[PDB]
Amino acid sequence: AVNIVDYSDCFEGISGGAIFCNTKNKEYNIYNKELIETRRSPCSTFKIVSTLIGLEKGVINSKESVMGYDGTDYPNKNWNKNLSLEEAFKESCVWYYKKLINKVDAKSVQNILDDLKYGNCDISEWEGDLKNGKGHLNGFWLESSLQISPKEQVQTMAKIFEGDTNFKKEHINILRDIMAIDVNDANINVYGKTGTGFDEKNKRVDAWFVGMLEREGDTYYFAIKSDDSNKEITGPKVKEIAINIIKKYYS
């Protein structure tokens, strides 16, 4: 079932959409249906799935796991260390996740994405958007071949966290741990991942916050997405919007 809602009062004039799905019923609450059905690059929200792939394949094993930092200099101080999975996820550290995924064969990734119904499941540009000049800081999930709609993101999150995929429960629990966020409200549990990209062809941001809300035995899977022309709109900004929606409409 689809219920059209209006969350514009939480978007602060930023263009976008939101979708929330409750496990109990079959209700999707949808703000901006056209946008919620449009596939876009997941950007760093793909780290939700790449973490699970790495765990399943044994590239990493726990929230402490490391990827063998080699000393390469980066502008973000927190990337210049042998950071753990938990830290790499929270920092959105591209080198860690590029190295992780490059230890996994493409057929294994293809089959996992197919089974998750992860959007277009298109990994045909493995090295990513090389025209941007960033070299190895690139991949199929970053403004490249792989695209997924906000609705598909919510459907994928629900399958993962309701225990309906092939991934091990222990691995799902690691993801829950590293996705947990502080929202200054002890009576809900919010989990998610930001994503920040720019679609150069259409001159619009791909700014995401995707995750899950737990409130008194109810669970909602959500995806908030901006497509604003304002290049200053980032994943963290959309996360603020998501929290305002949760506080106003999901309390």
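Sequential numbering from 1, following the sequence displayed.
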Notebook entry, point to check: Which has higher Cα B-factors on average according to the PDB entry: 189-197 or 209-217?
Noted result: 209-217
Checklist line | 164-172 versus 143-151 - greater average Cα B-factor per the deposited record | finding: 164-172
Margin query: Out of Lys47, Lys26, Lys63, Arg40, whose C-alpha atom has the biggest B factor in the entry?
Written below: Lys26
Item checked: Chain-wide C-alpha B factor ranking for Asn202, given as lowest, middle or highest third -> highest
Check: Lowest, middle or highest third of the chain for the C-alpha temperature factor of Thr51?
Finding: lowest
Item checked: Third of the chain's Cα B-factor distribution that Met67 belongs to, per the entry -> lowest
